[PDB]
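The form deposited in one PDB entry is given below as one chain in structure tokens.
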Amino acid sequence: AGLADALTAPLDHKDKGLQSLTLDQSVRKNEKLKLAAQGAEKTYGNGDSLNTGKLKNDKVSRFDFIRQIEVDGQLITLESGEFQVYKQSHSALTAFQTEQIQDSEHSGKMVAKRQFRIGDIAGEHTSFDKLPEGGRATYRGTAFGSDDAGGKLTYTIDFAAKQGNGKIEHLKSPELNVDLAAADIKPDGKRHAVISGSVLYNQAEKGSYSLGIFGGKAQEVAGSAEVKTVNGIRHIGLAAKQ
């Protein structure tokens, strides 16, 4: 799966999909994120990039992670688990499957805990001002949550109307297979084309979702959804391509 090289090989201009994913949200500013897989290992600071060019496109790549803080020369484990990376050609996102968290009583002591969250969503953000003037685009891809990367994402953008809607299907937990209700393409603060909208389950609003448009020709979409459940918000990574 190219996990070791992703962690240790230099960016190669010849590598496919998105070559480099900037870990901004994945590594907190005063922390370190150590990734391991396949007998390789790399520690990342905020703003370092993961060599996604080594990873397979349209798949979840999995790494053990140890979220760390360096104090007085010592690396103290804050959290550990699985680090997931989904790669497209113009975008990619990361997710954390927490499995352990530093014990509230003795530092150096870990406790078992499972939580799932999206980290970064980045790549070649499409400029709102450079969007196609008309026509539509259909995006087909993946929806992935905790213990489940088997979801189907379908998404349609009408560029003339600057509106998008779509559907999530086949996640094992039934209440995650939500509709991504029609929402407007709007410019970011950086004028990136983004979509923020409601999620529907049986036509009832059950959370929200946000996608960015990626690629110079709006080739891809990526972001996440939040689905309200009796156990809290569940997070679902979203990525699709024309």
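For every residue, the number given is its place in the sequence shown, counted from 1.
K.L.:
Of 107-115 and 88-96, which one has the bigger average CA B-factor?
P.N.:
So the stretch with the higher mean C-alpha B-factor is 107-115.
K.L.:
Taking the mean of the C-alpha B-factors per stretch from the entry, tell me the winner out of 47-55 and 185-193.
P.N.:
Mean B over CA atoms: larger for 185-193.
K.L.:
If you check the C-alpha B-factor for each of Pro132, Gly145, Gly141, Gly123 in the entry, which is highest?
P.N.:
Among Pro132, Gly145, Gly141, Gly123, the highest C-alpha B-factor in the entry belongs to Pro132.
K.L.:
For the listed residues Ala40, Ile213, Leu33, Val199, which one has the largest C-alpha B-factor as given in the deposited model?
P.N.:
Each of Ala40, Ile213, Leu33, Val199 was compared by C-alpha B-factor; the highest is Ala40.
K.L.:
For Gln19, return the chain-relative third of its C-alpha B-factor as stated in the PDB record: lowest, middle or highest.
P.N.:
As the PDB entry reports it, the C-alpha B-factor of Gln19 lands in the middle third of its chain.
K.L.:
Split the chain's modelled residues into thirds by Cα B-factor; is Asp12 in the lowest, middle or highest one?
P.N.:
Highest third.
K.L.:
Select lowest, middle or highest to describe the third in which the CA B-factor of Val60 falls within its chain in this entry.
P.N.:
Lowest third.
K.L.:
Within this chain's modelled residues, let me know which third the CA B factor of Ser80 belongs to: lowest, middle or highest.
P.N.:
CA B-factor rank for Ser80: middle third.
K.L.:
Check where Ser224 lands among this chain's C-alpha B-factors and tell me if it's the lowest, middle or highest third.
P.N.:
Lowest third, going by the recorded CA B-factors of the chain.
In what follows, reference is made to the form deposited with a partner chain bound, a form of this protein that is not presented.
K.L.:
For the spot marked by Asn30, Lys32 and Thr77, is every residue within 4.5 Å of its partner chain in the deposited bound form through some heavy atom?
P.N.:
The answer is no; none of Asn30, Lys32 and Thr77 reaches its partner chain.
K.L.:
Only one of these stretches, 203-211, 41-49, 184-192, 54-62, has heavy atoms within 4.5 Å of its partner chain in the deposited bound form; which one is it?
P.N.:
Answer to the contact question: 203-211.
K.L.:
Within a 4.5 Å heavy atom cut-off, is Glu226 in contact with its partner chain in the deposited bound form?
P.N.:
Yes - in the deposited bound form, heavy atoms of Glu226 and its partner chain come within 4.5 Å of each other.
K.L.:
In the deposited bound form, does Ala9 have a heavy atom within 4.5 Å of its partner chain?
P.N.:
Flag for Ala9 set to no.
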